[PDB]
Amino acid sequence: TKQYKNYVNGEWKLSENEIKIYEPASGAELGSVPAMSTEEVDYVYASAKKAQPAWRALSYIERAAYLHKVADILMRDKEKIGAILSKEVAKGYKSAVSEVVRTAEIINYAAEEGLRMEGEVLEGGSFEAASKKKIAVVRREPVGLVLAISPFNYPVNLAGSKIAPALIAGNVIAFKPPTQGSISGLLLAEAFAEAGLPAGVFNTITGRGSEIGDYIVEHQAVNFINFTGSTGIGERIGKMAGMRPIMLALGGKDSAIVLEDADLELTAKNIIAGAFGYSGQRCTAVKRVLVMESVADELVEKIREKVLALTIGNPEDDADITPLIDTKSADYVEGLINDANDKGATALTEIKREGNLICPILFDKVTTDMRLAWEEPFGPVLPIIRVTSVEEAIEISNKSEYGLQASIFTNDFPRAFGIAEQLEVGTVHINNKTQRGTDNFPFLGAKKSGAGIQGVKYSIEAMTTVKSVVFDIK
């Protein structure tokens, strides 16, 4: 078996036990990753903690130089990395190479954003006359050791987005990728190893989350937990963090609200791209259409037609719709599909599953009584919900426990802004599908979708604290 190793204190280490990884589309063995023991996790953390002071003592520009080197290596190796990633998570080849390119971009951008971090000088005389000579010189400091946890759908990009902002600020890292995506995670580690960051500054941890997951999070060496994944795990992490800071990006059931004055063709095009990209396996995917009754029939017909042009098949063929991550997930999606259909929603597409490959399906006239109106599928199934007012759309949208992003399609901008203000989400996109992008923009979820604000500069701010030095001028 092709045995991958964790990167720990500047060395590559195998564990006594291993986890075999297979390609979700083909079933072919891809290799194995170590199933670390708690003692091995202890050594990672002790290694990072010992390296943190010297890493922090370096100048910002030196830390940036290291990150830029990592990003360069990723650019050079985008085809190598994308080829494996594509197979590991059944993501289209081109899309996987793209994920790597975006990872380098984020890493470069963080290096440069974090190198310009500035402090502030506050005046005691702003608050009290007797303190007019007292000033506070406030500078950012790292929180310490960051634990970064990435999800299967972007095992590399959503690791980089946490890692680089943490590192530029002087924090050290322990990176835990998802098990299905742990090889891609270790391929990312290679870049950090080749770049030559000092030993202990960047480290990886592998093993089943269901077995070492609580241990890595509960560990007292961890000063900050930065996680992307399911709402269920994220809730547990919230509790295990206790009073430690956290960044959580979790599930979504993003609504796309369509008013009577919408450009229906632009709406359908965006809805299709956002709903079906990566077979619906995105947190920010359009996951429910709240369309005013009067334009529904026309919009639905455009969606239906565009759904039929989606290619279906294998990762290597760059199909729009690839097989889902695993059996469990495809099973859960099919149950949601059956529930909708059994309850009487109107399927505009054929219901078909072959292995873990579910064919894209559109359900019209979905009601609040159907599971599919609420649950995040993470499969290529889209419900259309007909509404009779914008007030109803807002109510249905906000009734969700999720609040990541929303899309509003209309030609009435000032009104779209007024509706945005009422939507319990992080980001509202006007006349475009929802998306995390562009990476400098804030990325956050309301309610059960998240805690903390991401996007580059916000991640850096999240993973630093402040040191105030106060003195009197003579």
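Residue indices: 1-based, along the sequence shown.
Comparing 375-383 with 298-306, the higher mean C-alpha B-factor in the PDB entry belongs to 298-306. Relative to one another, 287-295 and 171-179 have unequal mean CA B-factors, and 287-295 is the one with the higher figure.
Ranking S95, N157, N153, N226 by Cα temperature factor from the entry places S95 first. Residue set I205, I73, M117, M247: peak C-alpha B-factor at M117 (per PDB entry). Ranked against the other modelled residues of its chain, the C-alpha B-factor of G251 as given in the entry falls in the middle third.
When the CA B factors of the chain's modelled residues are split into thirds, the value for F363 lands in the highest one. Among the modelled residues of its chain, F413 has a C-alpha B-factor that falls in the highest third according to the deposited record.
Annotation for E29: C-alpha temperature factor in the highest third relative to the rest of the modelled chain, per the entry. Among all modelled residues in its chain, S59 ranks in the lowest third by Cα B-factor.
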